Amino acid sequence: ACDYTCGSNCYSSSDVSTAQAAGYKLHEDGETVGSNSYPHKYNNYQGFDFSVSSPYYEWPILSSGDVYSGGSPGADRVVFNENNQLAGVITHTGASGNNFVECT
């Protein structure tokens, strides 16, 4: 079973934890990877119900289970706050434009 389902991508809690950990570290270090500079600020304009406070940052989560290292980021993202607290898992999959939908 999947703790999170992004379109057809299935993620366990461990996948989310590993991704979050990597993204948070880069954040503390003042570093980014990839052409789109991850991790980067995330603005909740769609008003998802995050129970944790902003600011928020987005970091890619790979279907493969590998930690994002530059390269195609896919459509899935882990969202974390300034305090390394999980906000949610979202995806561009099935959303138009630059928008998102939450992973179920």
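In this text, residue numbers run from 1 along the sequence as written.
Stretches 74-82 and 44-52 differ in mean C-alpha B factor, with the higher average recorded for 44-52. Looking only at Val16, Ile90, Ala22, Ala95, the residue with the top Cα B factor in the deposited structure is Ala22. Remark: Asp29 belongs to the lowest third of its chain, ranked by C-alpha B-factor as recorded. When the CA B factors of the chain's modelled residues are split into thirds, the value for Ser69 lands in the highest one. Ranked by C-alpha B-factor against the other modelled residues of its chain, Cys6 falls in the lowest third.
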